[PDB]
Each structure stands twice: as C-alpha cells, then as structure tokens.
file final.txt (compact mmCIF, C-alpha atoms and all ligand atoms)
# COMPACT_ATOMS: atom_id res chain seq x y z
CA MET X 1 16.93 12.91 -6.18
CA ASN X 2 17.27 9.25 -5.08
CA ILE X 3 18.83 7.18 -2.33
CA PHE X 4 22.24 7.17 -3.99
CA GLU X 5 22.32 10.87 -4.43
CA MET X 6 20.98 11.39 -0.90
CA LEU X 7 23.65 9.31 0.77
CA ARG X 8 26.39 10.72 -1.47
CA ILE X 9 25.46 14.12 0.02
CA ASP X 10 25.38 12.94 3.59
CA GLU X 11 28.52 10.77 3.48
CA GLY X 12 30.78 12.62 1.05
CA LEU X 13 33.47 10.89 -0.99
CA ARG X 14 37.12 10.26 0.15
CA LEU X 15 39.63 8.09 -1.64
CA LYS X 16 42.10 7.48 1.26
CA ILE X 17 41.29 5.95 4.53
CA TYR X 18 39.82 8.45 7.04
CA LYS X 19 38.11 8.47 10.39
CA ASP X 20 34.41 8.85 10.49
CA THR X 21 32.39 10.94 13.05
CA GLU X 22 32.94 8.25 15.66
CA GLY X 23 36.72 7.90 14.98
CA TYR X 24 36.31 4.57 12.98
CA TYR X 25 38.32 3.91 9.88
CA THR X 26 36.28 4.30 6.75
CA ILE X 27 36.76 4.90 3.08
CA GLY X 28 34.81 5.80 0.01
CA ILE X 29 31.21 6.83 0.52
CA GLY X 30 30.72 5.97 4.12
CA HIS X 31 32.19 2.47 3.87
CA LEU X 32 33.16 1.48 7.38
CA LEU X 33 36.26 -0.64 7.34
CA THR X 34 36.58 -1.66 11.03
CA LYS X 35 36.02 -0.42 14.54
CA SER X 36 39.42 -1.45 15.58
CA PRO X 37 41.79 1.30 16.57
CA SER X 38 44.41 -0.16 14.29
CA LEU X 39 45.36 1.23 10.91
CA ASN X 40 46.87 -1.99 9.82
CA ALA X 41 43.65 -3.79 10.53
CA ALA X 42 41.87 -1.22 8.47
CA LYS X 43 44.33 -1.51 5.68
CA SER X 44 43.91 -5.14 5.61
CA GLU X 45 40.07 -4.99 5.52
CA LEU X 46 40.42 -2.51 2.74
CA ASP X 47 42.51 -4.91 0.68
CA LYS X 48 40.18 -7.76 1.25
CA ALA X 49 37.23 -5.49 0.24
CA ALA X 50 38.94 -4.20 -2.93
CA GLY X 51 40.54 -7.53 -3.87
CA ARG X 52 44.01 -6.06 -4.17
CA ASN X 53 46.92 -4.56 -2.34
CA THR X 54 45.57 -0.98 -2.08
CA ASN X 55 48.08 0.71 0.08
CA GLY X 56 45.12 2.65 1.63
CA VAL X 57 43.95 4.41 -1.51
CA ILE X 58 41.16 3.29 -3.96
CA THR X 59 39.88 4.82 -7.14
CA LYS X 60 36.58 6.44 -7.67
CA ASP X 61 35.09 3.48 -9.51
CA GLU X 62 36.04 1.15 -6.56
CA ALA X 63 34.42 3.59 -4.11
CA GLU X 64 31.36 3.52 -6.21
CA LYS X 65 31.32 -0.15 -6.30
CA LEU X 66 31.55 -0.54 -2.54
CA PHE X 67 28.75 2.02 -2.33
CA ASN X 68 26.43 0.03 -4.61
CA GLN X 69 27.07 -3.04 -2.52
CA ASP X 70 26.44 -1.22 0.69
CA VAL X 71 23.18 0.25 -0.43
CA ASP X 72 21.99 -3.15 -1.70
CA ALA X 73 22.91 -4.70 1.57
CA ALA X 74 21.09 -2.04 3.61
CA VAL X 75 17.92 -2.59 1.63
CA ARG X 76 18.15 -6.35 1.90
CA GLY X 77 18.82 -6.08 5.61
CA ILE X 78 15.61 -4.10 6.10
CA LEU X 79 13.60 -6.61 4.07
CA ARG X 80 14.83 -9.44 6.21
CA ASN X 81 14.32 -7.77 9.53
CA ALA X 82 10.98 -8.50 11.19
CA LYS X 83 10.79 -5.13 12.87
CA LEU X 84 11.83 -3.12 9.85
CA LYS X 85 10.18 -4.71 6.91
CA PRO X 86 6.61 -3.81 7.90
CA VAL X 87 7.60 -0.28 8.35
CA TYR X 88 9.39 -0.04 5.05
CA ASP X 89 6.45 -1.68 3.21
CA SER X 90 4.06 0.92 4.76
CA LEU X 91 5.93 4.01 3.56
CA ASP X 92 5.96 5.95 0.27
CA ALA X 93 9.16 6.06 -1.84
CA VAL X 94 10.74 9.20 -0.44
CA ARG X 95 10.30 8.07 3.16
CA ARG X 96 11.65 4.58 2.33
CA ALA X 97 14.78 6.41 1.34
CA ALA X 98 15.02 8.05 4.64
CA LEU X 99 14.83 4.69 6.47
CA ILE X 100 17.53 3.16 4.23
CA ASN X 101 19.80 6.22 5.10
CA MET X 102 19.34 5.55 8.71
CA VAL X 103 20.12 1.81 8.30
CA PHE X 104 23.19 2.63 6.20
CA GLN X 105 24.58 4.91 8.96
CA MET X 106 23.65 3.04 12.00
CA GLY X 107 22.96 -0.56 11.10
CA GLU X 108 19.79 -2.58 11.09
CA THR X 109 20.11 -3.35 14.70
CA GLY X 110 20.54 0.19 15.64
CA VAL X 111 17.49 1.27 13.79
CA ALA X 112 15.29 -1.65 14.83
CA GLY X 113 15.81 -0.26 18.33
CA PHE X 114 13.89 3.01 17.66
CA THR X 115 10.73 1.14 18.60
CA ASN X 116 8.55 4.05 19.36
CA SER X 117 9.47 6.04 16.33
CA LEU X 118 9.02 3.06 13.96
CA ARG X 119 5.59 2.66 15.40
CA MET X 120 4.67 6.26 14.71
CA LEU X 121 6.07 6.11 11.22
CA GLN X 122 3.96 3.07 10.61
CA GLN X 123 0.86 4.97 11.87
CA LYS X 124 1.81 7.87 9.64
CA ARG X 125 1.94 10.32 12.60
CA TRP X 126 4.59 12.40 10.96
CA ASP X 127 5.19 15.26 13.30
CA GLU X 128 5.15 12.98 16.26
CA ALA X 129 7.67 10.62 14.83
CA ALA X 130 9.85 13.61 14.02
CA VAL X 131 9.82 14.76 17.50
CA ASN X 132 10.50 11.29 18.86
CA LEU X 133 13.41 10.64 16.41
CA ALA X 134 15.06 13.82 17.74
CA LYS X 135 15.39 12.45 21.26
CA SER X 136 18.29 10.25 20.45
CA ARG X 137 22.00 10.16 20.68
CA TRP X 138 21.99 9.99 16.83
CA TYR X 139 20.41 13.45 16.64
CA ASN X 140 22.71 15.01 19.31
CA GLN X 141 25.91 13.60 17.73
CA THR X 142 25.07 14.33 14.02
CA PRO X 143 22.31 16.93 14.18
CA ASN X 144 22.64 18.37 10.69
CA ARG X 145 22.33 15.06 8.99
CA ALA X 146 19.73 13.82 11.43
CA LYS X 147 17.69 16.98 10.68
CA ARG X 148 17.78 16.28 6.99
CA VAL X 149 16.58 12.75 7.41
CA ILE X 150 13.89 13.74 10.03
CA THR X 151 12.52 16.47 7.73
CA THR X 152 12.44 13.88 5.00
CA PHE X 153 10.25 11.67 7.13
CA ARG X 154 8.11 14.54 8.21
CA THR X 155 7.38 16.00 4.81
CA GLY X 156 7.76 13.18 2.44
CA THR X 157 9.68 15.45 0.02
CA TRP X 158 13.36 15.98 -0.80
CA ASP X 159 13.32 19.59 0.27
CA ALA X 160 16.09 19.20 2.95
CA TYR X 161 18.35 17.94 0.17
CA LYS X 162 17.56 20.46 -2.61
CA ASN X 163 20.48 22.97 -2.71
CA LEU X 164 23.39 20.54 -1.68
CL CL X 201 32.96 -5.52 1.63
CL CL X 202 25.89 16.25 11.22

call {"tool": "encode", "arguments": {"input": "final.txt", "output": "structure tokens"}}
result
Amino acid sequence: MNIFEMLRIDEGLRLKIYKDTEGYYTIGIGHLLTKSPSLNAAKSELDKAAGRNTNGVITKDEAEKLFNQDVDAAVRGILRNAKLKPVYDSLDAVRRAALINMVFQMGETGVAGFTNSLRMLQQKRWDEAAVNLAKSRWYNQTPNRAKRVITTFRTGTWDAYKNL
C-alpha cells in the first residue's frame, strides 16, 4: 500500500462533476473544483484545470493526472509549513502517509490547527494522539475515514486499509 492507493480508497473515483461530503463541487479523485454554489463556476474551473472544454466530464487519465498534482502539492505544502514540517520529518513512512491524507482532505491550514494532536504525534504518544484527533468536527462528520487515518497513526501499519 502507498499514499496513492490509500487516498484512492478514501476518495473514490468519479468522472463527472459531483458534490463532495460538504456539498462542494469536485471531480476525479477528490479534486475540489470550487466552494461556490454554482455549477457554471465549477464547470469553468474544470476546464481551466483540464486545459479544454470538458463539458463536465474528464477521462480516467485526466483524473489521474489531477490526482498526481494534488498529492505533490499536499506534500510540498507540508514541507513548507512551519508547523507541519517538523512533524512530518519526525514520523515513519506509514504515518507520514496518514498526515498527507489529512492535508489532502482538509488543507494545510486546517491541519496545522490540530495543535495538540500534532504535538502528541511528534512526541510519539500514539494512543493519546488518537484520542485527541477524535475530538474534532472532522471525526464526527466523516467518522469512517477519520477512523482509518487515526488507526494508521496509532499503529503505524496499513491494517485499516487491508481488505478495501
Ligand atoms: Cl488545478
Ligand atoms: Cl466517512
């Protein structure tokens, strides 16, 4: 398993525009197009992102390309963020993947705000961080996914993903 496979499981794959868990227009593998309530706005961001008149549909290869770019950008965002980088550099490879999943879903800002949990992850207090991560809107709004990521941080293995 790896980060790509992990997020492909948590985000799914859809070739026409859809609404994510928060009602925001998205496409592909979790590629947010816009938070605006407007379908035209979304269609227009989609065209600008694909470089062509898409009419709201993309192919598989384009979804995969937006995915590659989004993962690269999540990683680079962590490395440039003063509150995230030290955490990321302290973790082993499986747990790094769990932090990139969080940044992909919620944004660097969002994550950088879990101050207390980041601190515990840095200290390697696994169970504690798990409990703390759970007290969040993130966990109450998308509990199944949040559980998979939290178990990932707690155990340092891909067990929550094996089966899927
Ligand atoms: Cl883009
Ligand atoms: Cl969920």

call {"tool": "closest_residue", "arguments": {"input": "final.txt", "among": "X:29, X:119, X:112, X:106", "to": "residue 142 (chain X)", "atoms": "only C-alpha atoms"}}
result
X:106

call {"tool": "residues_around", "arguments": {"input": "final.txt", "residues": "residue 152 (chain X)", "least_positions_apart": "5", "cutoff": "7 Å", "atoms": "all atoms listed in the file", "output": "VMD selection string"}}
result
chain X and resid 95 98 157 to 158 160

call {"tool": "residues_near_ligand", "arguments": {"input": "final.txt", "ligand": "ligand CL 201 (chain X)", "cutoff": "8 Å", "atoms": "all atoms listed in the file", "output": "list in words"}}
result
residues 48, 49, 50, 66, 69 and 70 of chain X

call {"tool": "residues_near_ligand", "arguments": {"input": "final.txt", "ligand": "ligand CL 202 (chain X)", "cutoff": "10 Å", "atoms": "all atoms listed in the file", "output": "list in words"}}
result
residues 10, 11, 21, 138, 139, 140, 141, 142, 143, 144, 145, 146, 147 and 148 of chain X

call {"tool": "closest_residue", "arguments": {"input": "final.txt", "among": "X:36, X:26, X:44, X:101", "to": "residue 4 (chain X)", "atoms": "all atoms listed in the file"}}
result
X:101

call {"tool": "atom_distance", "arguments": {"input": "final.txt", "atom1": "CA of residue 43 (chain X)", "atom2": "CA of residue 68 (chain X)"}}
result
20.7 Å

call {"tool": "closest_residue", "arguments": {"input": "final.txt", "among": "X:100, X:15, X:130, X:46", "to": "residue 79 (chain X)", "atoms": "only C-alpha atoms"}}
result
X:100

call {"tool": "closest_residue", "arguments": {"input": "final.txt", "among": "X:63, X:164, X:42, X:120", "to": "residue 132 (chain X)", "atoms": "all atoms listed in the file"}}
result
X:120

call {"tool": "residues_around", "arguments": {"input": "final.txt", "residues": "residue 121 (chain X)", "least_positions_apart": "4", "cutoff": "8 Å", "atoms": "all atoms listed in the file", "output": "list in words"}}
result
residues 87, 91, 117, 125, 126 and 129 of chain X

call {"tool": "atom_distance", "arguments": {"input": "final.txt", "atom1": "CA of residue 51 (chain X)", "atom2": "CA of residue 37 (chain X)"}}
result
22.3 Å

call {"tool": "closest_atom_pairs", "arguments": {"input": "final.txt", "of": "region 101-142 of chain X", "to": "region 74-78 of chain X", "cutoff": "12 Å", "atoms": "all atoms listed in the file", "output": "tab-separated table"}}
result
residue	atom	partner	partner_atom	distance
X:101	CA	X:74	CA	8.5
X:102	CA	X:74	CA	9.3
X:103	CA	X:74	CA	6.1
X:104	CA	X:74	CA	5.7
X:105	CA	X:74	CA	9.4
X:106	CA	X:74	CA	10.1
X:107	CA	X:74	CA	7.9
X:108	CA	X:77	CA	6.6
X:109	CA	X:77	CA	9.6
X:110	CA	X:78	CA	11.6
X:111	CA	X:78	CA	9.6
X:112	CA	X:78	CA	9.1

call {"tool": "closest_residue", "arguments": {"input": "final.txt", "among": "X:81, X:90, X:38, X:53", "to": "residue 24 (chain X)", "atoms": "only C-alpha atoms"}}
result
X:38

call {"tool": "atom_distance", "arguments": {"input": "final.txt", "atom1": "CA of residue 83 (chain X)", "atom2": "CA of residue 1 (chain X)"}}
result
26.9 Å

call {"tool": "closest_residue", "arguments": {"input": "final.txt", "among": "X:52, X:40, X:135, X:31", "to": "residue 73 (chain X)", "atoms": "only C-alpha atoms"}}
result
X:31

call {"tool": "residues_around", "arguments": {"input": "final.txt", "residues": "residue 14 (chain X)", "least_positions_apart": "2", "cutoff": "8 Å", "atoms": "only C-alpha atoms", "output": "NGL selection string"}}
result
:X and (12 or 16-18 or 27-29)

call {"tool": "axis_aligned_box", "arguments": {"input": "final.txt", "around": "region 139-153 of chain X", "padding_each_side": "4 Å", "output": "JSON"}}
result
{"center_x": 18.1, "center_y": 15.0, "center_z": 12.2, "size_x": 23.7, "size_y": 14.7, "size_z": 22.3}

call {"tool": "decode", "arguments": {"input": "final.txt", "residues": "region 15-134 of chain X", "atoms": "C-alpha atoms", "output": "CSV table (one decimal), in the first residue's frame"}}
result
chain,number,residue,atom,x,y,z
X,15,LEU,CA,-15.5,11.1,-13.9
X,16,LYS,CA,-18.4,13.7,-13.9
X,17,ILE,CA,-18.7,16.6,-11.6
X,18,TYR,CA,-20.2,15.6,-8.2
X,19,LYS,CA,-20.7,17.1,-4.7
X,20,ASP,CA,-18.4,16.0,-2.0
X,21,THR,CA,-19.3,15.3,1.7
X,22,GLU,CA,-19.6,19.1,2.3
X,23,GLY,CA,-21.8,19.8,-0.9
X,24,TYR,CA,-18.7,21.3,-2.9
X,25,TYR,CA,-18.2,20.5,-6.5
X,26,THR,CA,-15.5,18.1,-7.1
X,27,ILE,CA,-14.3,15.7,-9.7
X,28,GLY,CA,-11.8,12.8,-10.2
X,29,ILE,CA,-10.1,11.5,-7.1
X,30,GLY,CA,-11.1,14.1,-4.5
X,31,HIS,CA,-10.2,17.1,-6.7
X,32,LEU,CA,-12.2,20.1,-5.3
X,33,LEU,CA,-13.2,22.4,-8.0
X,34,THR,CA,-14.7,25.3,-6.1
X,35,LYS,CA,-16.7,26.1,-3.0
X,36,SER,CA,-19.1,28.2,-4.9
X,37,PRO,CA,-22.7,27.0,-5.1
X,38,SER,CA,-22.6,27.5,-8.9
X,39,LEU,CA,-22.3,24.7,-11.4
X,40,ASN,CA,-21.1,27.0,-14.1
X,41,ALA,CA,-18.3,28.2,-11.9
X,42,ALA,CA,-17.4,24.6,-11.3
X,43,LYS,CA,-17.5,23.8,-15.0
X,44,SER,CA,-15.3,26.7,-15.7
X,45,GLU,CA,-12.7,25.7,-13.1
X,46,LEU,CA,-12.8,22.2,-14.5
X,47,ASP,CA,-12.0,23.5,-18.0
X,48,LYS,CA,-9.2,25.6,-16.8
X,49,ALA,CA,-7.8,22.6,-14.8
X,50,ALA,CA,-8.1,20.2,-17.7
X,51,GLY,CA,-7.0,22.7,-20.4
X,52,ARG,CA,-10.0,22.1,-22.6
X,53,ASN,CA,-13.7,22.5,-23.0
X,54,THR,CA,-14.8,19.4,-20.9
X,55,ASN,CA,-18.5,19.7,-20.7
X,56,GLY,CA,-18.2,18.4,-17.0
X,57,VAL,CA,-16.7,15.0,-17.9
X,58,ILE,CA,-13.0,14.0,-17.9
X,59,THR,CA,-11.3,10.8,-18.7
X,60,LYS,CA,-9.6,8.5,-16.3
X,61,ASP,CA,-6.1,9.6,-17.4
X,62,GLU,CA,-7.0,13.3,-16.7
X,63,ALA,CA,-8.4,12.3,-13.3
X,64,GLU,CA,-5.2,10.6,-12.6
X,65,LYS,CA,-3.2,13.5,-13.6
X,66,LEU,CA,-5.0,15.9,-11.4
X,67,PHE,CA,-4.5,13.4,-8.6
X,68,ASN,CA,-0.7,13.3,-9.1
X,69,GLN,CA,-0.6,17.0,-9.0
X,70,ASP,CA,-2.7,17.2,-5.9
X,71,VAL,CA,-0.7,14.7,-4.0
X,72,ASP,CA,2.5,16.5,-4.9
X,73,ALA,CA,1.1,19.8,-3.8
X,74,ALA,CA,-0.1,18.3,-0.5
X,75,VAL,CA,3.4,17.0,0.2
X,76,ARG,CA,5.1,20.3,-0.8
X,77,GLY,CA,2.6,22.2,1.3
X,78,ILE,CA,3.6,20.2,4.4
X,79,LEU,CA,7.3,20.7,3.7
X,80,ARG,CA,6.8,24.5,3.5
X,81,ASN,CA,4.6,24.8,6.6
X,82,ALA,CA,6.5,25.6,9.8
X,83,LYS,CA,4.0,23.8,12.0
X,84,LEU,CA,3.8,20.7,9.8
X,85,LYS,CA,7.2,20.1,8.5
X,86,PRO,CA,8.8,19.1,11.9
X,87,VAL,CA,6.0,16.7,12.5
X,88,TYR,CA,6.3,15.1,9.1
X,89,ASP,CA,10.1,14.8,9.5
X,90,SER,CA,9.7,13.1,12.9
X,91,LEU,CA,7.4,10.3,11.6
X,92,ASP,CA,8.0,6.9,9.9
X,93,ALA,CA,6.8,6.3,6.4
X,94,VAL,CA,3.3,4.9,7.1
X,95,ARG,CA,2.4,7.7,9.5
X,96,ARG,CA,3.7,10.3,7.0
X,97,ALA,CA,1.1,8.9,4.7
X,98,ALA,CA,-1.6,9.5,7.2
X,99,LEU,CA,-0.6,13.2,7.6
X,100,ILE,CA,-0.6,13.7,3.8
X,101,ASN,CA,-4.2,12.2,3.7
X,102,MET,CA,-5.3,14.6,6.3
X,103,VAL,CA,-3.7,17.6,4.4
X,104,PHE,CA,-5.2,16.4,1.1
X,105,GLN,CA,-8.8,16.4,2.6
X,106,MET,CA,-8.7,19.4,4.8
X,107,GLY,CA,-5.9,21.6,3.7
X,108,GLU,CA,-2.6,22.6,5.3
X,109,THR,CA,-4.3,25.3,7.3
X,110,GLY,CA,-6.9,23.0,8.6
X,111,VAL,CA,-4.4,20.5,9.7
X,112,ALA,CA,-1.9,23.0,11.1
X,113,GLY,CA,-4.7,23.9,13.5
X,114,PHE,CA,-4.7,20.5,15.3
X,115,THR,CA,-2.0,21.9,17.6
X,116,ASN,CA,-2.4,19.5,20.4
X,117,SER,CA,-2.5,16.4,18.3
X,118,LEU,CA,0.5,17.4,16.2
X,119,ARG,CA,2.4,17.8,19.4
X,120,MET,CA,1.5,14.3,20.6
X,121,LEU,CA,2.3,12.8,17.2
X,122,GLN,CA,5.7,14.5,17.4
X,123,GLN,CA,6.2,13.0,20.9
X,124,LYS,CA,5.2,9.6,19.6
X,125,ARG,CA,2.3,9.3,22.2
X,126,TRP,CA,0.2,7.3,19.8
X,127,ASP,CA,-2.8,6.4,21.8
X,128,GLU,CA,-3.1,9.8,23.2
X,129,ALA,CA,-2.9,11.5,19.8
X,130,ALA,CA,-5.6,9.1,18.6
X,131,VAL,CA,-7.9,10.0,21.3
X,132,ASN,CA,-7.2,13.7,20.7
X,133,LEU,CA,-7.7,13.5,16.9
X,134,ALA,CA,-11.1,12.0,17.5
